[PDB]
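Virtual Cβ from ideal backbone geometry, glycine too; neighbours counted across all protein chains shown. Throughout, read-outs are computed from the coordinates displayed, never taken from laboratory work.
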There are 4 protein chains.
Amino acid sequence: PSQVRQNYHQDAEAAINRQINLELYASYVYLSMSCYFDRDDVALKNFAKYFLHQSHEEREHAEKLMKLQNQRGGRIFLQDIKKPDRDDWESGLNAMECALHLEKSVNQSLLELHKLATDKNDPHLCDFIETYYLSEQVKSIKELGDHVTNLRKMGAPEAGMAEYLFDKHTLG
Amino acid sequence: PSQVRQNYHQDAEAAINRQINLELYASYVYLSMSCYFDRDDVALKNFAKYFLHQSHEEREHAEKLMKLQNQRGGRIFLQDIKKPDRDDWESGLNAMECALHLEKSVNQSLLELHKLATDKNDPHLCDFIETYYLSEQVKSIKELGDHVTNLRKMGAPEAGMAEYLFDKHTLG
Amino acid sequence: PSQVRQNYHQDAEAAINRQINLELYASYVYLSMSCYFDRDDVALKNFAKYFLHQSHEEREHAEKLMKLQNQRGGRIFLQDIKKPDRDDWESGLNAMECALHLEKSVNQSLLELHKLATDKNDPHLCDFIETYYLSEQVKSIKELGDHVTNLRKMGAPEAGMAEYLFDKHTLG
Amino acid sequence: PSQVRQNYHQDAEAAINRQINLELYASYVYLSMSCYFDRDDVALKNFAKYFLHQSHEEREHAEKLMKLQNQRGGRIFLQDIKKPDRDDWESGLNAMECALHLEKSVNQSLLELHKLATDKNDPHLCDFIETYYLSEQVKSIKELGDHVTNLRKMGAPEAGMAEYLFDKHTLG
Ligand SMILES: [Fe+3]
Ligand SMILES: [Zn+2]
Ligand SMILES: [Zn+2]
Ligand SMILES: [Zn+2]
Ligand SMILES: [Zn+2]
């Protein structure tokens, strides 16, 4: 094995590779969303900016897991990054709902990774996930839930000014 | 011919004179729009500011074509600047739709000028159009399309707050 | 069609979507390379930094094509991002040779896109490619060729100090 | 018991005392290494500086465990600090290999301490180890593995310039 490897289970290595792919997939979904709001028939620049930022953040998350894998003496194996489930995201409200679902899915994967690390008595990996991933996900989920709540109350998407004014006030 | 003239077709010279007139016409249309929004019964100051800026930009475009004509040793021949098609522009949404149409018309003229320059093997003129006109037009068209989309979604012109709030948030 | 669309062929739209995928693929290849040099048994930090920068640049290139597609009124359709051809890049010299090949492949695709835009009399798209893609690619190819030349002369990969000293002096 | 003591097992107290001794031992090993590279017949000043820094860091680690022991109401019991296994460390490469082994040994001890804290349901102690010790050790191990890899590739110790140039470029 690698000269640095210590207390690092093959299962954990495999699970980290899976998580890298999921974070890269999430980045790609956000990029798709960002583009949608940049269309001339949608034209919500602050929704576009918000989702592009999220795309860049999920990239960074993937890169930090790659750094971990090498720090522990595992080996990164990349897989195809699947295309997002859709090209047309329908509305600001629908995109925020889809983002909430995605973030909860990523959180579920991270909780399964923590359970594996706990089972394999790998405290460094448990601490890493907690320190850099789990509080970030809880914060993200709460922010997206707040956005969904506000858009729904305002009357989106049927009330035409709702997404416009949300774009200006909350996302601007 | 002029002592500076080289590789500059009489057709191209004539087409540049036509384009000068079209840019001056566009400036005048924008000025008309700007004034409309300054009326006491319309009273949308940021629409007025937006169209006055566009008027000044289209002037500048005309003046840059005049500079080109003299740089290449052509001769500027000015024509009457026709009055705009209307005095009353109806609404913020209607003015933005009319502006989009105008910008697409100007773009079409520039594409015809580029085709002529290409046919006449005039790379300096092709590059000039591309460098200073074609990307400017694509950007303008996309911005106006985004504005039209937003105003329509917000409910303009029948929803009375739509143009008011668009004036404040997007154009302010 | 889109309200902004003018002089934008369906073929060109499709070719831009293909190019977006190729740039995203290139970004992923560079990311794979970057990771490789971060392994404890490779341990060349400036090679890793160099390829991570290239990964981020190719992302940016993809995002600029997405912006173009929306500016012209085309519609972005994303596809799967295929995994790179390998996980183990063998040596600094081999990775630079593979990067040179990749950059030439991307250049070839851009030259085919320019030929299509020329055929379809789309000067804005021709100018865009030239302005933001073709000189960038020529510069990249020349830089990678210079790196390959230097590493080969120095004796890489068999001369053990060659990649070490190149990492320090050229990439540091 | 101490007036502050709460949820702090006698086993944990004993294990912390053991860890204090191990960190003091590691500091002493590093000091020995540092001195070696300061000899007139070895004369690698940046190797000497690197190991002296590591010596001072391992002191600090010991002192932080002493602070913990008193914060939790345990009592520090010091033991002899054994001399390092050798006086002559042979080469820069051999010292880095010996340091890697030592760091892995210290990590193993910390993982055993975390397992004990987990068994004894002592979350404050688990968190302390994770927060200040486990990520520090993973980082140290990866850095030493990278150094060993580079020195081996460069041809150390038989290639006479390898340690000289590594001292200048990596450690300088
Ligand atoms: Fe040197
Ligand atoms: Zn994430
Ligand atoms: Zn103009
Ligand atoms: Zn590129
Ligand atoms: Zn220590």
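From largest to smallest, what semi-axes in whole angstrom does chain C give when each is the square root of 5 times an eigenvalue of its alpha carbon gyration tensor? Don't skip to the answer; put the middle values down first.
Values: eigenvalues 255, 50, 26 Å².
For chain C, the ellipsoid semi-axes come out as 36, 16, 11 Å.
Working note: 222 nm ellipticity from helices only, DSSP H runs with n ≥ 4, each -39,500 (n - 2.57), summed and divided by the residues of the protein assembly as shown, gives -24000 deg cm²/dmol to the nearest 500. Please find, in a Gaussian network model of chain D (springs between Cα atoms separated by less than 10 Å), the residue of D:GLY155, D:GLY92, D:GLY74 whose mean-square fluctuation is greatest. Most flexible of the set in this elastic network: D:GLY155.
Computed from backbone phi with θ = phi - 60° and the Karplus coefficients 6.51, -1.76 and 1.60, the 3J(HN,Hα) list for the range D:90-105 is 6, 5, x, 5, 4, 5, 5, 5, 5, 5, 4, 5, 4, 4, 5, 5 Hz; x is used for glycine and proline. Here is how far apart the C:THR170 label points are across copies: 2.0, 5.2, 5.2 nm, shortest first, using a point 7 Å from Cα toward Cβ.
The Cβ shell under 12 Å around C:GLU58 holds other residues with a net charge of -4, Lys and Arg each +1, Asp and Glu each -1.
Determine the alpha carbon to alpha carbon distance for each of A:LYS67/C:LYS49; A:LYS120/C:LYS45; B:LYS49/B:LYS168; A:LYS64/A:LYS104; A:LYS142/C:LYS82 and list only those over 22 Å.
A:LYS120/C:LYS45; A:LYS142/C:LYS82
Across all Cα pairs in the protein assembly as shown, the calculated P(r) in 20 Å bins from zero up to the longest distance comes to 15, 35, 29, 17, 4, 0 percent per bin. GNM remark for chain C: springs join alpha carbons under 10 Å apart, and the peak mean-square fluctuation among C:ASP87, C:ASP41, C:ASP122 falls on C:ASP41. If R0 is 30 Å, the Cβ-Cβ spacing of A:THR118 and D:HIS53 corresponds to a FRET efficiency of close to 0.30. Summary of the geometry: the range D:6-81 and the range C:1-46, compared by the centres of their Cα atoms, lie 49 Å apart. Taking other residues whose beta carbon is less than 11 angstrom from the beta carbon of A:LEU144, and scoring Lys, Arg as +1 and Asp, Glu as -1, yields -1. Dipole size of the range B:10-170 about its Cα centre, with +1 on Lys/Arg Cβ and -1 on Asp/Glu Cβ: approximately 240 debye, rounded to the nearest 20.
In the range B:89-129, what GluC sites (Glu not before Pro) fall in a loop by DSSP, with at most 16 other Cβ atoms inside 10 Å? Hits after loop and neighbour filter: B:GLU90.
The string of couplings for the range B:116-127 from the Karplus curve (6.51, -1.76, 1.60, θ = phi - 60°) is 4, 4, 4, 4, 7, 6, 10, x, 5, 5, 4, 5 Hz, one whole number per residue in order, with x for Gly and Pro. Phi-derived couplings, Karplus 6.51 cos²θ - 1.76 cosθ + 1.60 at θ = phi - 60°, listed residue by residue for the range C:10-17: 4, 5, 4, 4, 4, 5, 5, 4 Hz, with x used for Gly and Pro.
Of the GluC sites (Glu not before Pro) found in the range D:128-172, those in coil by DSSP whose Cβ has at most 14 other Cβ atoms within 10 Å are D:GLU158. Note on D:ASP41/C:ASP88: beta-carbon distance plugged into 1/(1 + (r/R0)^6) with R0 of 35 Å gives a FRET efficiency of 0.30.
Figure the gain on full extension for D:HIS169 and D:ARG75 (residue separation times 0.36 nm, minus the Cα-Cα span) and round it to one decimal in nm.
Stretched out fully, the D:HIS169 to D:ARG75 stretch lengthens by 29.3 nm.
Here's how it looks for A:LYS83: its modeled amide H is under 5 Å from those of C:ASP80, C:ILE81, which are all 5 or more places away or on a different chain.
Can you give the net charge of the other residues whose Cβ lies under 13 Å from the Cβ of B:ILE76, counting K and R as +1 and D and E as -1?
Neighbour charge sum, excluding B:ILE76 itself: +2.
For the residues B:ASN107, B:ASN70, B:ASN17, a GNM of chain B with alpha-carbon springs under 10 Å puts the largest fluctuation on B:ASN70. Scanning residues 5 or more positions from B:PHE37 or on other chains, none has an amide H under 5 Å from its amide H, with H placed 1.01 Å from N in the peptide plane. Could you compute the FRET efficiency for A:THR149 and A:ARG18, with r as their C-beta to C-beta distance and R0 at 41 Å, rounded to 0.05? My answer for the efficiency is 0.80.
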